[PDB]
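Shown next, in C-alpha cells, is the structure this report addresses.
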Amino acid sequence: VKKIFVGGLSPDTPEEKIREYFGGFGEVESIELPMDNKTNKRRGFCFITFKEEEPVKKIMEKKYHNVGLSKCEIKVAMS
DNA sequence: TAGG
C-alpha cells in the first residue's frame, strides 16, 4: 500500500490541503486531482500517494477522508 | 467516485 484513491470531489480540490491532510498523514509521495476532460465522465475525485505506506495504511481506514472542503472514498488507489 |  502506498497510494490511495480518494473518490469524487471538487473539480480541482486544492492540492494544497490534500498536501496537508496527507502530508500531515506522513510523507506524501504525490497528489493528483482528476477531471472529466479526458473521458468526459464523473471521475473528478482525488489520488494521493505516500513515499511510505503507513499514512496510506491508515488512510484506507479513513477511506472517506475530509480534505479541507472535499471528502471521498479513499480506496488504496492504483493506476 | 478509478486521474492520466
Sum of -39500 (n - 2.57) over DSSP H runs of 4+, divided by residues of chain A (222 nm, nearest 500) | -6000 deg cm²/dmol
Peptides A:56-68, A:2-14: what's the order by average Cβ count within 10 Å, highest mean first?
-> A:2-14, A:56-68
Within the range A:1-19, which residues have the backbone N less than 19 Å from the label spot 7 Å out from A:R42 along Cα→beta-carbon, could you tell me?
-> A:5-13
Summing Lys, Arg as +1 and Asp, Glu as -1, what charge do residues with Cβ under 11 Å from the Cβ of A:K63 carry, A:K63 excluded?
-> +2
Quote the FRET efficiency, to the nearest 0.05, computed for A:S30 versus A:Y64 with a Förster distance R0 of 25 Å and r equal to the Cβ-Cβ distance.
-> 0.75
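Only Cα pairs under 8 Å and at least 6 apart count here; give the relative contact order of chain A as a rounded whole percent. Walk me through the numbers on the way to the answer.
Working: 187 pairs, mean separation 35.5, N = 79.
Over chain A, the number comes to 45 percent.
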Tell me, in nm to one decimal, what length is gained between A:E73 and A:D12 on full extension, where the rule is 0.36 nm per residue of separation less the Cα-Cα distance?
-> 20.3 nm
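Any read-out appearing in this document is the output of simple, stated calculations on the displayed coordinates, not a laboratory observation. No Cβ is skipped: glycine too gets one built from the backbone with ideal geometry, and neighbour counts run over all protein chains shown.
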